[PDB]
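One structure is given here, and the rest of the page talks about it.
The chains referred to below are lettered A, B, ... by the order of the sequence lines, with proteins before strands, and numbering in each begins at 1. Start at 1 and go down the list; that is how both ligands and their atoms are numbered. Values below: all heavy atoms of this structure, side chains included; hydrogens, waters and symmetry mates excluded.
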Number of protein chains: 2
Amino acid sequence: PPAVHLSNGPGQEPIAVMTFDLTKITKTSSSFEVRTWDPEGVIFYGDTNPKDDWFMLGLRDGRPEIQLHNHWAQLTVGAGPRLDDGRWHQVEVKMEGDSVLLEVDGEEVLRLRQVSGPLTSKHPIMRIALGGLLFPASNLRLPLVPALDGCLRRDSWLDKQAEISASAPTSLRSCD
Amino acid sequence: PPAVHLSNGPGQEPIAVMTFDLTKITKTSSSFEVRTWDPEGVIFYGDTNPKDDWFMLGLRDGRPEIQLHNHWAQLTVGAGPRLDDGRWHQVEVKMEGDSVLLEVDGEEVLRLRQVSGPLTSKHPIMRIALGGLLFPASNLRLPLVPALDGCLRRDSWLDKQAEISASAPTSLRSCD
Ligand SMILES: C[C@]12CC[C@H](O)C[C@@H]1CC[C@@H]1[C@@H]2CC[C@]2(C)[C@H](O)CC[C@@H]12
Ligand SMILES: C[C@]12CC[C@H](O)C[C@@H]1CC[C@@H]1[C@@H]2CC[C@]2(C)[C@H](O)CC[C@@H]12
Ligand SMILES: [Ca+2]
Ligand SMILES: [Ca+2]
Ligand SMILES: [Zn+2]
Ligand SMILES: [Zn+2]
C-alpha cells in the first residue's frame, strides 16, 4: 500500500487540502492507517469556517487528541491508547447522529456527544487538511506543535463524489 | 473487601452523599472498583452547585460517560472499553492541572482538558453522590436512566480530612 509522509520537513503547513461540497455529501466518515514515533502533531484538520467552525485530530503525549470549535461545542479532549509505537494503526472518525466518534484499531475509544447538527444542512463547503492546520497553531484552543513525523496510507476522506478539489502546497513524499 | 450495591431497588436516588470543604481539600482524586452487567446508569455525581457547577460519571452502552457543566465547559463524552462484563474494574477520576482525567484498569482512557480552574479557589462546598444524581435525570445534558445495578468496593473519595459529612437516604446493602 502506498504510504505518504505526514509532514514535509519543517512541517508548518498541511501536505494536502481537500475541499468538499457539503450538500453533496452522503458519507461523513473518514478512515486511514497511521504509523509514527512522534508523540505530538496534527494528523488532520477540518473546517467549514476557520473562524468559528473547525476540528482537529492529532496526537499529544502519544495519544489521540481532538479539538473542536463550533456553534454547539468547544472542547479539547484526549483519549485512546498511545499510537506513537511505530506500528500501523487503523483510525476512523465519523458522525453518528449529533456525535463525533473516534475508533482506533477497530475499537471505539471516544464519542463526543451533542457536538453537531447535520453537516449537509447549516457552511456549504468543508475543507480537510492533512498533517497541518489552516490557521496558526497559536489559534488552537490548546496549542501544540503541528509537525507530525509519521506515515499515512489507505486513507478515505468523507465522500469522494462530493470532493470539489484537492491541492498540495508541495509534493507528496513516499514512506518508501 | 466489603462491596456495596450501587442502587437500592428502584434506583431513583443516590445510596450515599458526602459533603466536603473545598478549602480543606489536599487530594482531588477519587478511585474505586466497580462490577456490573448493567449497560446504563450513574456511578457517581458531584457538584458545588446543582444549578451550574456539576459532574456525572456513568455508563452508557456499557462504556464510561462523563457529563460536566461549569463556567468553563459543558460536555457529554463517552470513552474507554465496556465495563458491563461482570468483572471488577479499577476506576480513577482525578484533576491534573485544568484537566479531568479518567483511568480504567490502570490505563488513561480519557482526558478532558481546559475544563476547570482550581477547586479550592473559586463554591466552598462539594457534594459527591453515589449511584444517583442530586437533580432529576431529565436535567442532565443528555438524560439516561440513573439506576445502576452494580457493586462498588475499595472506594476513596477526594480528601477524607476534608469530608464534612456523609448521609444515606436508606441503608447500604452488601454485595454478599
Ligand atoms: C469530524 C468531521 C465529521 C467526520 C469526518 O470524517 C471529518 C469531519 C472534519 C470536520 C468536522 C466534522 C464534524 C463537525 C465539525 C466539528 C464542525 O462542522 C466544524 C468542523 C467539522
Ligand atoms: C471530577 C471532580 C474532580 C475529581 C474528583 O475525584 C471528583 C470531582 C467531582 C466534582 C467535579 C470535579 C471536577 C470539577 C467539576 C467538574 C466542577 O467544579 C463541577 C463539579 C466538579
Ligand atoms: Ca511532532
Ligand atoms: Ca441501569
Ligand atoms: Zn457555522
Ligand atoms: Zn460556579
Side-chain angles (χ1 to χ4, degrees), chain A residues 5-7 9-12 18-20 22 25 27-32 36-62 65-75 77 83-84 91-103 110-135 137 141 144-150 155-160 162, chain B residues 22 47-55 68-73 116-119 121-126:
Chain A
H5 282 281
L6 268 182
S7 82
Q12 305 187 67
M18 298 159 275
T19 301
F20 301 81
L22 249 23
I25 308 294
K27 165 175 174 284
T28 60
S29 76
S30 294
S31 50
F32 55 84
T36 183
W37 292 100
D38 196 341
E40 183 170 310
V42 177
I43 291 176
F44 87 82
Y45 165 102
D47 76 16
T48 65
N49 185 315
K51 277 166 169 280
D52 55 51
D53 223 279
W54 61 268
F55 173 99
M56 183 296 291
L57 166 67
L59 294 182
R60 193 190 300 274
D61 212 340
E65 175 173 286
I66 287 178
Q67 279 182 49
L68 176 156
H69 183 104
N70 70 20
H71 299 294
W72 302 272
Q74 306 86 44
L75 56 89
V77 179
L83 302 189
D84 65 346
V91 181
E92 289 207 77
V93 183
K94 53 178 77 288
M95 292 305 305
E96 186 60 37
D98 66 7
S99 301
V100 171
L101 171 52
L102 172 69
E103 298 185 319
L110 176 74
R111 182 172 304 233
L112 304 173
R113 300 184 178 264
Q114 302 176 296
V115 297
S116 177
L119 279 181
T120 48
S121 62
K122 284 67 180 181
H123 338 65
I125 303 180
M126 177 172 293
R127 303 185 298 165
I128 297 296
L130 308 180
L133 310 170
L134 291 178
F135 61 61
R141 279 167 47 80
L144 48 51
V145 181
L148 184 67
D149 194 336
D155 53 330
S156 180
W157 306 94
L158 292 150
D159 192 76
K160 192 63 173 182
Chain B
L22 249 23
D47 76 16
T48 65
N49 185 315
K51 277 166 169 280
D52 55 51
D53 223 279
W54 61 268
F55 173 99
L68 176 156
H69 183 104
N70 70 20
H71 299 294
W72 302 272
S116 177
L119 279 181
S121 62
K122 284 67 180 181
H123 338 65
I125 303 180
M126 177 172 293

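A:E40 contributes a side-chain N or O that, together with a main-chain N or O of A:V145, makes up a donor-acceptor pair within less than 3.5 Å. Within the 3.5 Å criterion, the main-chain N or O of A:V115 finds a donor-acceptor partner in the side chain of A:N70. Under a 3.5 Å cut-off, the side chain of A:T36 and the backbone N or O of A:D38 do form a donor-acceptor pair. Not a single donor-acceptor pair under 3.5 Å links the side chain of A:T48 to the backbone N or O of A:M126.
Each of the atoms 5 (C), 6 (O) of ligand 1 lies under 4.0 Å from some heavy atom of A:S30. Within ligand 1, the atoms closer than 4.0 Å to a non-hydrogen atom of A:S29 are 6 (O), numbered from 1 in the order shown.
Of the N or O atoms in A:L158, none lie within a sub-3.5 Å distance of an N or O in ligand 1. Residue A:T48 places no N or O, backbone or side chain, under 3.5 Å from any N or O of ligand 1. Considering backbone and side-chain atoms alike, A:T28 places an N or O below 3.5 Å from some N or O of ligand 1.
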Residues A:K94, A:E103; criterion side-chain contact (heavy atoms from CB on, under 4.5 Å); working and verdict: CA-CA 9 Å; A:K94 53 178 77 288; A:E103 298 185 319; 3.7 Å; yes
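Using cut-offs of 30° and 60° for the angle between ring planes, the A:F135 and A:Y45 rings count as perpendicular. Taking the six-membered ring where the residue is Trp, A:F44 and A:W157 present perpendicular rings, their angle passing 60° and hence far from 30°.
Considering CG of A:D155 and CE of A:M18, their distance stands at 7.0 Å, rounded to 0.5 Å.
Contact annotation for A:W54 and ligand 1: only backbone heavy atoms (N, CA, C, O) come within less than 4.0 Å of the ligand. Residue contacts with ligand 1, taken as heavy atom pairs separated by less than 4.0 Å, do not involve A:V115 at all.
The closest approach of B:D53 to the Zn ion (ligand 6), by N/O/S atoms, is made by OD2. Atom O is the N/O/S atom of A:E40 found closest to the Ca ion (ligand 3).
Between A:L57, A:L101, A:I66, A:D53, it is A:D53 that holds the heavy atom closest to atom 18 (O) of ligand 1. Nearest residue to atom 13 (C) of ligand 1 from A:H71, A:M56, A:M95, A:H69 is A:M95 (criterion: closest heavy atom).
Distance from atom 9 (C) of ligand 1 to its nearest protein heavy atom, with residue and atom name: A:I128 CD1, 3.8 Å. The nearest protein atom to atom 8 (C) of ligand 1, hydrogens excluded, is given as A:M126 SD, 4.1 Å; this is a heavy-atom distance.
Vertex the Ca ion (ligand 3), arms ending at O of A:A147 and OD1 of A:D38: the angle is 140° after rounding to 10 degrees.
For B:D52, every N, O or S atom stays at 2.8 Å or more from the Zn ion (ligand 6).
In this structure, atom 11 (C) of ligand 1 is in close contact with the protein, since a protein heavy atom lies within 4.0 Å of it.
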